[PDB]
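Source file: work12.cif (mmCIF, N, CA and C atoms (P, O5', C5', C4', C3', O3' and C1' of nucleotides))
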data_run
loop_
_atom_site.label_atom_id
_atom_site.label_comp_id
_atom_site.auth_asym_id
_atom_site.auth_seq_id
_atom_site.Cartn_x
_atom_site.Cartn_y
_atom_site.Cartn_z
N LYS V 144 0.83 -1.22 0.00
CA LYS V 144 0.00 0.00 0.00
C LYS V 144 0.86 1.27 0.00
N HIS V 145 0.29 2.37 -0.51
CA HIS V 145 0.78 3.73 -0.30
C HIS V 145 -0.12 4.45 0.71
N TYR V 146 0.31 5.64 1.14
CA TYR V 146 -0.33 6.38 2.21
C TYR V 146 -0.17 7.90 2.01
N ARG V 147 -1.01 8.65 2.73
CA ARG V 147 -1.08 10.10 2.75
C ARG V 147 0.16 10.67 3.43
N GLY V 148 0.85 11.59 2.74
CA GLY V 148 2.18 12.09 3.02
C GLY V 148 3.33 11.18 2.57
N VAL V 149 3.07 9.89 2.32
CA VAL V 149 4.11 8.87 2.35
C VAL V 149 4.66 8.59 0.96
N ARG V 150 5.99 8.63 0.90
CA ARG V 150 6.75 8.67 -0.32
C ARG V 150 7.92 7.70 -0.21
N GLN V 151 7.83 6.60 -0.96
CA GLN V 151 8.91 5.65 -1.11
C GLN V 151 10.15 6.35 -1.68
N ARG V 152 11.25 6.19 -0.96
CA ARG V 152 12.61 6.51 -1.37
C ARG V 152 13.23 5.25 -1.96
N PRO V 153 13.97 5.33 -3.09
CA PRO V 153 14.21 4.20 -3.98
C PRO V 153 15.03 3.02 -3.40
N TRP V 154 15.81 3.23 -2.34
CA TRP V 154 16.50 2.16 -1.58
C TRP V 154 15.57 1.36 -0.66
N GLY V 155 14.28 1.72 -0.55
CA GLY V 155 13.26 0.97 0.17
C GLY V 155 12.91 1.54 1.54
N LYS V 156 12.84 2.87 1.70
CA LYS V 156 12.35 3.52 2.91
C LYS V 156 11.20 4.49 2.60
N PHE V 157 10.54 5.01 3.64
CA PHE V 157 9.33 5.82 3.53
C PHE V 157 9.50 7.12 4.29
N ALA V 158 9.60 8.22 3.54
CA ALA V 158 9.46 9.56 4.07
C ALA V 158 7.98 9.89 4.30
N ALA V 159 7.73 10.93 5.09
CA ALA V 159 6.40 11.48 5.28
C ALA V 159 6.49 13.01 5.33
N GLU V 160 5.75 13.64 4.42
CA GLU V 160 5.50 15.08 4.39
C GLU V 160 4.03 15.31 4.69
N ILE V 161 3.72 16.53 5.11
CA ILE V 161 2.40 17.10 4.95
C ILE V 161 2.56 18.51 4.39
N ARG V 162 1.57 18.96 3.61
CA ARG V 162 1.48 20.35 3.23
C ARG V 162 0.58 21.10 4.22
N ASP V 163 1.09 22.22 4.72
CA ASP V 163 0.48 23.10 5.72
C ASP V 163 -0.06 24.36 5.03
N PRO V 164 -1.40 24.56 4.92
CA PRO V 164 -1.99 25.75 4.31
C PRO V 164 -1.95 27.01 5.17
N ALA V 165 -1.85 26.89 6.51
CA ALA V 165 -1.75 28.03 7.41
C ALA V 165 -0.40 28.76 7.19
N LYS V 166 0.65 27.99 6.89
CA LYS V 166 1.96 28.45 6.43
C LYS V 166 1.99 28.72 4.91
N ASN V 167 0.82 28.91 4.27
CA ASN V 167 0.63 29.18 2.84
C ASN V 167 1.29 28.12 1.95
N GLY V 168 0.91 26.85 2.17
CA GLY V 168 1.29 25.72 1.33
C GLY V 168 2.70 25.19 1.58
N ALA V 169 3.34 25.49 2.72
CA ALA V 169 4.65 24.96 3.07
C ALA V 169 4.62 23.42 3.20
N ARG V 170 5.67 22.73 2.73
CA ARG V 170 5.93 21.35 3.16
C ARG V 170 6.48 21.36 4.58
N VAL V 171 6.23 20.26 5.29
CA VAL V 171 6.66 20.04 6.66
C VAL V 171 7.05 18.58 6.74
N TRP V 172 8.37 18.35 6.64
CA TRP V 172 8.97 17.04 6.54
C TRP V 172 9.03 16.39 7.92
N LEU V 173 8.12 15.44 8.13
CA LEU V 173 7.88 14.75 9.38
C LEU V 173 9.03 13.77 9.73
N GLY V 174 9.87 13.46 8.74
CA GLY V 174 11.05 12.61 8.86
C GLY V 174 10.98 11.45 7.87
N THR V 175 11.72 10.39 8.21
CA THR V 175 11.77 9.10 7.51
C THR V 175 11.65 7.97 8.52
N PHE V 176 11.07 6.88 8.04
CA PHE V 176 10.52 5.80 8.83
C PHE V 176 10.74 4.49 8.08
N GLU V 177 11.14 3.43 8.81
CA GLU V 177 11.51 2.15 8.22
C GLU V 177 10.34 1.50 7.46
N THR V 178 9.11 1.65 7.97
CA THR V 178 7.90 1.04 7.41
C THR V 178 6.96 2.12 6.87
N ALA V 179 6.15 1.73 5.88
CA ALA V 179 5.19 2.62 5.22
C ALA V 179 4.08 3.04 6.19
N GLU V 180 3.66 2.14 7.09
CA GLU V 180 2.65 2.34 8.11
C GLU V 180 3.11 3.26 9.25
N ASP V 181 4.42 3.44 9.47
CA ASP V 181 4.96 4.31 10.51
C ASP V 181 5.20 5.73 9.97
N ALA V 182 5.57 5.83 8.68
CA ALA V 182 5.55 7.06 7.90
C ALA V 182 4.13 7.62 7.81
N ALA V 183 3.18 6.73 7.56
CA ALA V 183 1.77 7.03 7.43
C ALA V 183 1.14 7.35 8.78
N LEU V 184 1.61 6.72 9.88
CA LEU V 184 1.20 7.10 11.22
C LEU V 184 1.82 8.45 11.64
N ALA V 185 2.98 8.85 11.09
CA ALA V 185 3.55 10.16 11.39
C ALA V 185 2.67 11.27 10.80
N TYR V 186 2.25 11.09 9.54
CA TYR V 186 1.28 11.93 8.87
C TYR V 186 -0.04 11.99 9.64
N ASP V 187 -0.48 10.85 10.20
CA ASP V 187 -1.72 10.72 10.96
C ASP V 187 -1.81 11.78 12.06
N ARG V 188 -0.75 11.92 12.88
CA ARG V 188 -0.66 12.93 13.93
C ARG V 188 -0.34 14.33 13.37
N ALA V 189 0.45 14.47 12.30
CA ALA V 189 0.82 15.78 11.74
C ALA V 189 -0.38 16.54 11.15
N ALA V 190 -1.23 15.86 10.36
CA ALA V 190 -2.50 16.41 9.89
C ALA V 190 -3.41 16.76 11.06
N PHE V 191 -3.46 15.88 12.08
CA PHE V 191 -4.28 16.12 13.26
C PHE V 191 -3.84 17.37 14.02
N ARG V 192 -2.53 17.69 14.08
CA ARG V 192 -2.04 18.88 14.78
C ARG V 192 -2.37 20.17 14.02
N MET V 193 -2.19 20.24 12.69
CA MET V 193 -2.55 21.45 11.93
C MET V 193 -4.06 21.67 11.77
N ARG V 194 -4.87 20.59 11.77
CA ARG V 194 -6.33 20.65 11.63
C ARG V 194 -7.04 20.74 12.99
N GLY V 195 -6.38 20.26 14.05
CA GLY V 195 -6.85 20.16 15.43
C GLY V 195 -7.77 18.96 15.68
N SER V 196 -8.61 18.61 14.69
CA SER V 196 -9.58 17.53 14.67
C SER V 196 -10.13 17.41 13.23
N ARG V 197 -11.03 16.45 12.98
CA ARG V 197 -11.73 16.25 11.71
C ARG V 197 -10.74 16.17 10.54
N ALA V 198 -10.02 15.05 10.42
CA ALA V 198 -8.94 14.85 9.46
C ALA V 198 -9.09 13.55 8.67
N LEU V 199 -8.46 13.52 7.49
CA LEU V 199 -8.42 12.42 6.54
C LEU V 199 -7.01 11.82 6.65
N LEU V 200 -6.96 10.62 7.21
CA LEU V 200 -5.75 10.03 7.78
C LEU V 200 -5.48 8.66 7.17
N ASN V 201 -4.36 8.05 7.60
CA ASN V 201 -3.97 6.71 7.21
C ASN V 201 -4.52 5.66 8.18
N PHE V 202 -4.53 5.97 9.48
CA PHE V 202 -5.05 5.11 10.54
C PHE V 202 -6.02 5.92 11.42
N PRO V 203 -7.25 6.16 10.93
CA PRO V 203 -8.33 6.71 11.75
C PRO V 203 -8.67 5.72 12.87
N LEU V 204 -8.25 6.03 14.11
CA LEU V 204 -8.53 5.19 15.27
C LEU V 204 -10.00 5.28 15.76
N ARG V 205 -10.88 6.02 15.05
CA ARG V 205 -12.33 6.08 15.30
C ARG V 205 -13.12 4.91 14.68
N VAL V 206 -12.48 4.03 13.88
CA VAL V 206 -13.11 2.87 13.22
C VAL V 206 -12.33 1.59 13.52
"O5'" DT D 1 21.06 4.67 2.22
"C5'" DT D 1 21.55 4.99 3.50
"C4'" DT D 1 20.80 6.18 4.10
"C3'" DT D 1 19.29 6.11 3.85
"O3'" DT D 1 18.65 6.55 5.03
"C1'" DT D 1 20.28 8.00 2.79
P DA D 2 17.15 7.13 5.10
"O5'" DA D 2 17.47 8.68 4.92
"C5'" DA D 2 18.26 9.35 5.89
"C4'" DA D 2 17.99 10.84 5.90
"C3'" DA D 2 16.49 11.12 5.94
"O3'" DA D 2 16.33 12.13 6.92
"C1'" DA D 2 17.46 11.99 3.98
P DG D 3 14.99 12.97 7.08
"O5'" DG D 3 15.28 14.08 5.96
"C5'" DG D 3 16.42 14.92 6.07
"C4'" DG D 3 16.35 16.05 5.06
"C3'" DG D 3 14.95 16.68 5.08
"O3'" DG D 3 15.17 18.06 5.25
"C1'" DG D 3 15.63 16.04 2.89
P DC D 4 14.05 19.18 5.04
"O5'" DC D 4 14.50 19.59 3.57
"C5'" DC D 4 15.78 20.13 3.32
"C4'" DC D 4 15.79 20.72 1.91
"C3'" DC D 4 14.53 21.57 1.69
"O3'" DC D 4 14.94 22.82 1.18
"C1'" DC D 4 14.74 19.80 0.07
P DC D 5 13.94 23.83 0.43
"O5'" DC D 5 14.13 23.22 -1.04
"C5'" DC D 5 15.43 23.08 -1.59
"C4'" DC D 5 15.38 22.79 -3.09
"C3'" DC D 5 14.46 23.80 -3.76
"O3'" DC D 5 15.14 24.37 -4.86
"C1'" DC D 5 13.77 21.54 -4.17
P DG D 6 14.64 25.74 -5.54
"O5'" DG D 6 13.45 25.18 -6.42
"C5'" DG D 6 13.67 24.34 -7.54
"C4'" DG D 6 12.35 23.78 -8.04
"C3'" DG D 6 11.17 24.77 -7.94
"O3'" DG D 6 10.93 25.24 -9.26
"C1'" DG D 6 10.61 22.51 -7.32
P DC D 7 9.49 25.51 -9.90
"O5'" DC D 7 9.10 23.97 -10.14
"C5'" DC D 7 9.94 23.10 -10.87
"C4'" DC D 7 9.13 21.91 -11.37
"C3'" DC D 7 7.88 22.45 -12.07
"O3'" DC D 7 7.75 21.79 -13.31
"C1'" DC D 7 7.33 21.00 -10.24
P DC D 8 6.46 21.99 -14.26
"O5'" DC D 8 5.63 20.73 -13.73
"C5'" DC D 8 6.15 19.42 -13.86
"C4'" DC D 8 5.09 18.42 -13.45
"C3'" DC D 8 3.77 18.72 -14.17
"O3'" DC D 8 3.48 17.60 -14.99
"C1'" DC D 8 3.51 18.47 -11.78
P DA D 9 2.08 17.41 -15.74
"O5'" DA D 9 1.30 16.64 -14.58
"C5'" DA D 9 1.84 15.48 -13.98
"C4'" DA D 9 0.85 14.89 -12.98
"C3'" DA D 9 -0.55 14.81 -13.60
"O3'" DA D 9 -1.06 13.53 -13.32
"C1'" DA D 9 -0.55 16.08 -11.59
P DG D 10 -2.58 13.11 -13.59
"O5'" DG D 10 -3.14 13.39 -12.12
"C5'" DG D 10 -2.63 12.70 -11.00
"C4'" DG D 10 -3.48 13.00 -9.77
"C3'" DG D 10 -4.98 12.85 -10.07
"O3'" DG D 10 -5.57 12.21 -8.96
"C1'" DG D 10 -4.47 15.00 -9.31
P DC D 11 -7.16 11.99 -8.79
"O5'" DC D 11 -7.47 13.15 -7.72
"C5'" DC D 11 -6.87 13.14 -6.44
"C4'" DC D 11 -7.52 14.20 -5.54
"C3'" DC D 11 -9.05 14.10 -5.53
"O3'" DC D 11 -9.56 14.42 -4.25
"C1'" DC D 11 -8.34 16.17 -6.37
"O5'" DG I 1 -7.25 29.22 -7.47
"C5'" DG I 1 -8.16 29.29 -6.39
"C4'" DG I 1 -7.74 28.48 -5.16
"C3'" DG I 1 -6.27 28.64 -4.72
"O3'" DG I 1 -6.28 28.53 -3.31
"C1'" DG I 1 -6.71 26.44 -5.48
P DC I 2 -4.99 28.20 -2.39
"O5'" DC I 2 -5.14 26.61 -2.25
"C5'" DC I 2 -6.26 26.03 -1.59
"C4'" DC I 2 -6.02 24.55 -1.32
"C3'" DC I 2 -4.70 24.33 -0.56
"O3'" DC I 2 -4.93 23.42 0.50
"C1'" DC I 2 -4.74 23.16 -2.64
P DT I 3 -3.75 22.70 1.33
"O5'" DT I 3 -3.65 21.36 0.48
"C5'" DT I 3 -4.71 20.42 0.47
"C4'" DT I 3 -4.13 19.05 0.13
"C3'" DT I 3 -2.87 18.77 0.96
"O3'" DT I 3 -3.00 17.48 1.53
"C1'" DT I 3 -2.44 18.78 -1.42
P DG I 4 -1.76 16.54 1.89
"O5'" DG I 4 -1.48 16.03 0.40
"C5'" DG I 4 -2.52 15.45 -0.35
"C4'" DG I 4 -2.02 14.51 -1.42
"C3'" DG I 4 -0.98 13.57 -0.81
"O3'" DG I 4 -1.24 12.30 -1.37
"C1'" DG I 4 -0.04 14.99 -2.46
P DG I 5 -0.30 11.04 -1.12
"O5'" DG I 5 0.63 11.17 -2.39
"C5'" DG I 5 0.13 10.96 -3.69
"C4'" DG I 5 1.29 11.23 -4.64
"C3'" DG I 5 2.55 10.46 -4.21
"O3'" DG I 5 2.81 9.52 -5.23
"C1'" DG I 5 2.98 12.74 -4.76
P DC I 6 4.26 8.92 -5.58
"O5'" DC I 6 4.71 10.10 -6.58
"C5'" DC I 6 3.89 10.51 -7.66
"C4'" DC I 6 4.74 11.22 -8.72
"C3'" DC I 6 5.97 10.38 -9.04
"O3'" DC I 6 6.08 10.33 -10.45
"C1'" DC I 6 6.57 12.55 -8.22
P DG I 7 7.04 9.27 -11.18
"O5'" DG I 7 8.42 10.04 -11.04
"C5'" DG I 7 8.67 11.26 -11.69
"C4'" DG I 7 9.92 11.88 -11.08
"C3'" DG I 7 11.02 10.86 -10.73
"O3'" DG I 7 11.83 10.74 -11.88
"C1'" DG I 7 10.85 12.71 -9.24
P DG I 8 13.34 10.21 -11.86
"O5'" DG I 8 14.04 11.57 -11.40
"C5'" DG I 8 13.73 12.82 -12.01
"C4'" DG I 8 14.60 13.89 -11.38
"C3'" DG I 8 16.06 13.40 -11.35
"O3'" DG I 8 16.84 14.41 -11.95
"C1'" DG I 8 15.29 14.11 -9.21
P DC I 9 18.44 14.38 -11.95
"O5'" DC I 9 18.66 15.29 -10.66
"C5'" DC I 9 18.15 16.62 -10.63
"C4'" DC I 9 18.59 17.31 -9.34
"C3'" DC I 9 20.10 17.17 -9.15
"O3'" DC I 9 20.67 18.46 -9.19
"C1'" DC I 9 18.84 16.49 -7.21
P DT I 10 22.24 18.72 -8.95
"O5'" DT I 10 22.23 18.89 -7.36
"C5'" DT I 10 21.39 19.83 -6.72
"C4'" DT I 10 21.54 19.68 -5.21
"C3'" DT I 10 23.03 19.64 -4.81
"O3'" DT I 10 23.22 20.70 -3.89
"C1'" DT I 10 21.78 17.84 -3.86
P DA I 11 24.38 20.73 -2.79
"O5'" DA I 11 23.56 19.89 -1.70
"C5'" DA I 11 22.43 20.42 -1.04
"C4'" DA I 11 22.48 20.08 0.45
"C3'" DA I 11 23.87 20.34 1.06
"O3'" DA I 11 23.66 20.79 2.39
"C1'" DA I 11 23.36 18.01 0.93
#
Could you render the structure as structure tokens?
Amino acid sequence: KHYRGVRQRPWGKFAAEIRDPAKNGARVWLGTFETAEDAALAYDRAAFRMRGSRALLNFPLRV
DNA sequence: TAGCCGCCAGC
DNA sequence: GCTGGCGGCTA
């Protein structure tokens, strides 16, 4: 699978970005993560912090 | 190898 | 118009 923010780097790792509209479309590089699901979980909290609530995520813990 | 650039495509 | 993702480049 692929994920929101999550970008395969060609040696086989997963970066995670989010774009921040309050900073007028800035990227915010959440880091790099060994697994796609941990890159995607980094995005999960990063979108939640800029939105505060009501977000479109990789692991919505409400379901 | 990671991150940033910068752009492009997609939504 | 914005966000995500591409993709490559450079650090």
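For the pair atom CA of residue 149 of chain V and atom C5' of residue 1 of chain I, the interatomic distance is 25.4 Å.
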| Answer key for the PyMOL selection byres ((chain D) within 7 of (chain V)), residues as JSON, numbers by chain | {"D": [1, 2, 3, 4]}
| field | Residue list for chain I near chain V as a PyMOL selection string, 6 Å, all atoms listed in the file | value | chain I and resi 2-6
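Using only N, CA and C atoms, the nearest neighbour of residue 178 of chain V within the list V:206, V:157, V:145, V:200 is V:157.
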| task | Could you pull out the residues in chain V that DSSP calls strand (DSSP E or B) from the backbone, as a ChimeraX atom specification? | result | /V:149-152,156-163,169-176
| Per DSSP on the backbone, what are the alpha helix (DSSP H) residues of chain V, as a PyMOL selection string? | chain V and resi 179-194
| message | Rounded to one decimal, what separation in Å do you get between atom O5' of residue 8 of chain D and atom N of residue 169 of chain V? | response | 17.3 Å
Chain I, all listed atoms, 6 Å padding on each side: what axis-aligned box centre and edge lengths in Å to one decimal come out, as JSON?
{"center_x": 8.1, "center_y": 19.1, "center_z": -4.8, "size_x": 44.5, "size_y": 32.4, "size_z": 26.4}
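You will find atom CA of residue 193 of chain V at 20.4 Å from atom C of residue 179 of chain V.
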Could you please fill out segment 156-171 of chain V with N, CA, C and O atoms and send it back as an mmCIF file, keeping the file's coordinate frame?
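The new file rebuild_4.cif reads:
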data_model
loop_
_atom_site.group_PDB
_atom_site.id
_atom_site.type_symbol
_atom_site.label_atom_id
_atom_site.label_comp_id
_atom_site.auth_asym_id
_atom_site.auth_seq_id
_atom_site.Cartn_x
_atom_site.Cartn_y
_atom_site.Cartn_z
ATOM 1 N N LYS V 156 12.840 2.870 1.700
ATOM 2 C CA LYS V 156 12.350 3.520 2.910
ATOM 3 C C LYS V 156 11.200 4.490 2.600
ATOM 4 O O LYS V 156 10.921 4.750 1.444
ATOM 5 N N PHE V 157 10.540 5.010 3.640
ATOM 6 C CA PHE V 157 9.330 5.820 3.530
ATOM 7 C C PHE V 157 9.500 7.120 4.290
ATOM 8 O O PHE V 157 9.522 7.138 5.521
ATOM 9 N N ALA V 158 9.600 8.220 3.540
ATOM 10 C CA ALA V 158 9.460 9.560 4.070
ATOM 11 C C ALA V 158 7.980 9.890 4.300
ATOM 12 O O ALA V 158 7.107 9.237 3.736
ATOM 13 N N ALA V 159 7.730 10.930 5.090
ATOM 14 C CA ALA V 159 6.400 11.480 5.280
ATOM 15 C C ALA V 159 6.490 13.010 5.330
ATOM 16 O O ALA V 159 7.212 13.566 6.145
ATOM 17 N N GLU V 160 5.750 13.640 4.420
ATOM 18 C CA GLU V 160 5.500 15.080 4.390
ATOM 19 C C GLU V 160 4.030 15.310 4.690
ATOM 20 O O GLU V 160 3.189 14.468 4.417
ATOM 21 N N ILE V 161 3.720 16.530 5.110
ATOM 22 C CA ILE V 161 2.400 17.100 4.950
ATOM 23 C C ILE V 161 2.560 18.510 4.390
ATOM 24 O O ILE V 161 3.550 19.183 4.685
ATOM 25 N N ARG V 162 1.570 18.960 3.610
ATOM 26 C CA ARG V 162 1.480 20.350 3.230
ATOM 27 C C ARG V 162 0.580 21.100 4.220
ATOM 28 O O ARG V 162 -0.533 20.665 4.519
ATOM 29 N N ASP V 163 1.090 22.220 4.720
ATOM 30 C CA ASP V 163 0.480 23.100 5.720
ATOM 31 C C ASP V 163 -0.060 24.360 5.030
ATOM 32 O O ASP V 163 0.747 25.196 4.603
ATOM 33 N N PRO V 164 -1.400 24.560 4.920
ATOM 34 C CA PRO V 164 -1.990 25.750 4.310
ATOM 35 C C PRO V 164 -1.950 27.010 5.170
ATOM 36 O O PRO V 164 -2.028 28.108 4.619
ATOM 37 N N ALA V 165 -1.850 26.890 6.510
ATOM 38 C CA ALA V 165 -1.750 28.030 7.410
ATOM 39 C C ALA V 165 -0.400 28.760 7.190
ATOM 40 O O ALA V 165 -0.361 29.987 7.229
ATOM 41 N N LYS V 166 0.650 27.990 6.890
ATOM 42 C CA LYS V 166 1.960 28.450 6.430
ATOM 43 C C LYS V 166 1.990 28.720 4.910
ATOM 44 O O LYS V 166 3.073 28.754 4.317
ATOM 45 N N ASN V 167 0.820 28.910 4.270
ATOM 46 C CA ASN V 167 0.630 29.180 2.840
ATOM 47 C C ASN V 167 1.290 28.120 1.950
ATOM 48 O O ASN V 167 2.111 28.424 1.086
ATOM 49 N N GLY V 168 0.910 26.850 2.170
ATOM 50 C CA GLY V 168 1.290 25.720 1.330
ATOM 51 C C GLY V 168 2.700 25.190 1.580
ATOM 52 O O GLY V 168 3.226 24.505 0.707
ATOM 53 N N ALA V 169 3.340 25.490 2.720
ATOM 54 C CA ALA V 169 4.650 24.960 3.070
ATOM 55 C C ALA V 169 4.620 23.420 3.200
ATOM 56 O O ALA V 169 3.684 22.887 3.766
ATOM 57 N N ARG V 170 5.670 22.730 2.730
ATOM 58 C CA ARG V 170 5.930 21.350 3.160
ATOM 59 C C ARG V 170 6.480 21.360 4.580
ATOM 60 O O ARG V 170 7.127 22.316 5.013
ATOM 61 N N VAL V 171 6.230 20.260 5.290
ATOM 62 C CA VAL V 171 6.660 20.040 6.660
ATOM 63 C C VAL V 171 7.050 18.580 6.740
ATOM 64 O O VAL V 171 6.204 17.686 6.783
#
